[PDB]
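J.: What follows is a single structure, and I will ask about it in a moment.
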Amino acid sequence: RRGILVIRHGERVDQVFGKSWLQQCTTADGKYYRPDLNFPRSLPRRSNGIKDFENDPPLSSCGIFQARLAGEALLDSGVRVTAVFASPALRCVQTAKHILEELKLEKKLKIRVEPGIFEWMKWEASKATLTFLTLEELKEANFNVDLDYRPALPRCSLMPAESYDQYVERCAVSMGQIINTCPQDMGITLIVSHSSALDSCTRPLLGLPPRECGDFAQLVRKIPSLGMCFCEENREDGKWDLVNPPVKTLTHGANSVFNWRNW
Amino acid sequence: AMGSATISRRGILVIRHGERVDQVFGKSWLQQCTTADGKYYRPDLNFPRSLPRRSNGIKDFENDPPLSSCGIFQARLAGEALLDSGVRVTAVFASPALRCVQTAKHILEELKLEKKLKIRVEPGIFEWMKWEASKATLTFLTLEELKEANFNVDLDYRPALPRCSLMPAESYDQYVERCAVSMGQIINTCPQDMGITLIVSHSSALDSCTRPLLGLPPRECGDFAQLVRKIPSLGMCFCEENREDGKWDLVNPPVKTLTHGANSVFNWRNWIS
């Protein structure tokens with residue numbers, strides 16, 4: 001039975017450190033340093049400027065841990081992973097890469113970057129000025145991205161102004177293409193995306209109409225990092241079913257800031 | 001290099017263990033991860049891949065819980081930062097608690113020192129017995145069990161306080177005194193040493209293992225308890241010795257803090273119901 005596993009990206013650096021995080025780890029001359037171990041050991045080169053990290057932040061160290069833990073679990077489970085698609089957001093491509101590394105499939109499977117499964121533009125505060133890394137930039141940063149993949153939606157076609165209806169439609173169109181982006185291959189396809197995608201990228205498969213915007217927004221608001229929903233195809237009955245994911249959930253606590261000098 | 005302000009200084013870096021599985025999953029954690037036939041399994045990815053081979057089977061972990069998957073990540077991240085910092089680590093002592101010996105191993109693995117340095121298990125830096133089960137000491141992994149489990153423990157090490165000498169009724173005064181005595185012995189292990197010794201222990205130790213070095217009297221018990229409540233996983237306290245006078249000072253740790261968020265339990269099918 002063919003499967004579609006929608007996976008939320010890991011923890012973002014700005015979720016922990018706030019909107020000013022870039023100021024916290026760069027000099028006036030823009031030299032990177034790590035003021036807390038949860039900042040990553042390096043940033044990829046952004047040829048449009050480090051400032052594009054504000055709109056399009058990387059995973060924190062903990063987010064990398066979560067992604068790798070999920071990949072290791074997927075390996076342990078024995079499922080056959082057959083393809084992976086990712087939102088163009090850095091946090092999503094990085095989540096995909098770290099899952100693949102622990103599956104030991106990062107050389108075997110190329111990441112298919114699909115702007116059609118990007119976040120709802122309304123929720124991207126950056127939207128007007130938002131810039132993803134290009135495929136060539138991703139390749140230069142040692143992401144094994146599919147340079148030959150023709151996306152359902154090119155990035156130039158994402159609309160800052162997209163409505164909820166336009167958002168849910170493009171996800172359905174995107175998922176429709178993705179499900180045909182493989183004749184007969186037995187195994188699971190990873191969809192590495194945003195909280196919104198656990199709803200917007202599964203309901204179309206399940207033949208369900210879109211949720212009312214308010215209901216959708218409420219359901220999607222508190223999906224944790226690496227949160228998963230899994231759909232399996234019943235091809236005889238011509239339908240998809242919502243099914244328990246092939247790996248367990250991940251629950252862990254926080255780690256608070258600590259200043260030794262306070263004693 | 002031989003100037004008074006340039007000569008390298010002996011360091012003692014006291015480090016709290018990583019996240020323990022029972023902090024997240026609660027007092028029933030062991031029953032959560034035990035099958036109907038008594039075998040270990042992972043009901044959540046933050047339970048570790050495996051438990052060490054143990055005496056008396058799975059049941060002895062009751063009072064001696066392992067690091068969670070996240071605790072292992074924290075310990076490894078700290079070890080990697082220590083590597084990055086370039087500091088010279090020359091020795092490591094750990095509390096006999098599994099969570100502490102595991103934290104020590106993961107730090108050493110990321111330092112690339114796990115085969116070079118043996119972990120010296122020191123019950124004298126175990127938690128205050130007031131905060132542990134009375135039978136806790138009867139249930140530590142033995143050094144042989146740890147070596148079975150691929151912990152490069154020191155079989156020759158002669159602890160300042162043997163595990164069976166830990167008293168279930170030790171008072172605060174007795175506790176602070178045995179930490180002082182143990183730190184005394186640790187410092188005299190190799191008193192010419194010029195790198196950093198790791199003391200991988202409990203939140204309490206960041207106070208009780210440093211105050212004696214600094215020549216300070218014990219904090220009032222209530223003050224101590226309030227203070228140690230606050231220390232995060234892999235939290236650190238660093239002291240350096242002036243070789244001229246043998247005095248120790250508190251110093252910024254050689255690596256940064258680690259701050260991250262929680263991750264909630266999640267079941268989509270359940271969530272949408």
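In the structure tokens, the first chain shown is A, the next is B, and so on; residue numbers restart at 1 for each chain, and ligands run from 1 in the order shown.
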Would you pick out the contacts of residue A:90 at 10 Å or less, using only C-alpha atoms, so that residues sharing its chain but fewer than 4 positions from it are not included, and give the list as a PyMOL selection string?

T.: chain A and resi 9+12+44+53+55-59+86+94-96+132-133+138

J.: Produce a file of the selected residues containing N, CA, C and O atoms, as a compact mmCIF listing (two decimals), in the first residue's frame.

T.:
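Writing done, so here's selection.txt:
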```
# COMPACT_ATOMS: atom_id res chain seq x y z
N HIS A 9 8.12 20.76 9.60
CA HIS A 9 9.54 21.08 9.82
C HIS A 9 9.87 21.09 11.31
O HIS A 9 8.98 21.21 12.15
N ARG A 12 12.39 26.22 14.55
CA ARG A 12 13.03 27.36 13.89
C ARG A 12 13.82 28.16 14.91
O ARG A 12 13.37 28.37 16.04
N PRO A 44 24.13 28.78 5.88
CA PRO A 44 24.43 28.66 4.44
C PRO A 44 24.65 30.03 3.79
O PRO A 44 24.18 31.04 4.33
N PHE A 53 17.62 35.72 5.74
CA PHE A 53 17.37 34.78 6.85
C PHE A 53 16.21 35.19 7.75
O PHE A 53 15.56 34.34 8.36
N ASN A 55 13.25 36.51 6.91
CA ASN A 55 12.04 36.01 6.27
C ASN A 55 12.06 34.48 6.16
O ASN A 55 11.01 33.84 6.09
N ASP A 56 13.26 33.89 6.12
CA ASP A 56 13.41 32.48 5.75
C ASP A 56 14.49 31.84 6.63
O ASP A 56 15.60 31.57 6.17
N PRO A 57 14.18 31.65 7.93
CA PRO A 57 15.15 31.20 8.93
C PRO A 57 15.49 29.72 8.87
O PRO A 57 14.67 28.91 8.38
N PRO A 58 16.67 29.35 9.41
CA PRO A 58 17.07 27.96 9.46
C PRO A 58 16.52 27.28 10.72
O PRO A 58 16.01 27.94 11.64
N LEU A 59 16.67 25.97 10.77
CA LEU A 59 16.43 25.20 11.97
C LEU A 59 17.43 25.56 13.07
O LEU A 59 18.58 25.87 12.80
N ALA A 86 9.60 18.81 -0.59
CA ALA A 86 9.73 19.78 0.49
C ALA A 86 9.23 21.13 0.02
O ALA A 86 9.44 21.51 -1.13
N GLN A 94 15.76 21.82 5.05
CA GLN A 94 16.74 21.32 6.00
C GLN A 94 16.17 20.13 6.75
O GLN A 94 16.89 19.19 7.06
N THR A 95 14.89 20.19 7.09
CA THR A 95 14.22 19.08 7.79
C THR A 95 14.27 17.83 6.90
O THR A 95 14.60 16.73 7.38
N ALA A 96 13.98 18.00 5.62
CA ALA A 96 14.04 16.90 4.66
C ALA A 96 15.43 16.29 4.61
O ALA A 96 15.59 15.08 4.68
N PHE A 132 13.29 32.72 -1.23
CA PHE A 132 13.89 31.41 -0.92
C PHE A 132 15.27 31.30 -1.52
O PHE A 132 15.59 32.00 -2.47
N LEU A 133 16.07 30.37 -0.99
CA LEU A 133 17.27 29.92 -1.68
C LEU A 133 16.88 29.26 -3.00
O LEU A 133 15.90 28.50 -3.06
N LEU A 138 20.91 25.95 -2.93
CA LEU A 138 20.73 24.74 -2.14
C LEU A 138 21.80 23.69 -2.44
O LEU A 138 22.40 23.14 -1.51
```

J.: Please check the contacts: residues of chain A at most 7 Å away from chain B, using only C-alpha atoms, listed as an MDAnalysis selection string.

T.: chainID A and resid 16 35:38 62 65 224:225 227 229 248:258 260

J.: Can you tell me, as a list in words, which residues in stretch 63-180 of chain A count as strand (DSSP E) by DSSP?

T.: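 Output for stretch 63-180 of chain A, strand (DSSP E) only: residues 81, 82, 83, 84, 85, 86, 111, 112 and 113 of chain A.
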
J.: So which residues of stretch 35-212 of chain B fall under helix (DSSP H, G or I) by DSSP, listed as a PyMOL selection string?

T.: chain B and resi 57-63+69-85+98-111+123-125+129-131+136-139+143-148+163-165+172-187+205-208+211-212

J.: Identify, on the basis of only C-alpha atoms, every residue whose closest approach to residue B:186 does not exceed 9 Å; exclude the query and any residue fewer than 3 positions from it along the same chain; express the result as an MDAnalysis selection string.

T.: chainID B and resid 93 160 181:183 189:191 197

J.: Show me, as an MDAnalysis selection string, the residues that have an atom within 7 Å of residue B:99 when counting only C-alpha atoms, minus same-chain residues fewer than 5 positions from it.

T.: chainID B and resid 17 20 65:67

J.: Write out as a VMD selection string which residues come within 7 Å of residue A:122 when counting only C-alpha atoms, dropping same-chain ones fewer than 2 positions away.

T.: chain A and resid 120 124 161 to 162

J.: Residues within 6 Å of stretch 5-12 of chain B, please, as a list in words. Count only C-alpha atoms; anything in the same chain fewer than 4 positions from it doesn't count.

T.: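 The contact residues come out as residues 1, 194, 195, 196, 197, 238, 239, 240 and 241 of chain B.
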
J.: Under the rule that only C-alpha atoms are counted, which of A:149, A:131, A:82, A:6 is the nearest residue to residue A:49?

T.: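 Answer, going by the shortest atom-to-atom distance: A:131.
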
J.: Can you list, as a list in words, every protein, DNA or RNA residue that comes within 10 Å of residue B:31 when you count only C-alpha atoms, leaving out same-chain residues fewer than 6 positions away?

T.: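 The residues that qualify are residues 38, 40, 59 and 62 of chain B.
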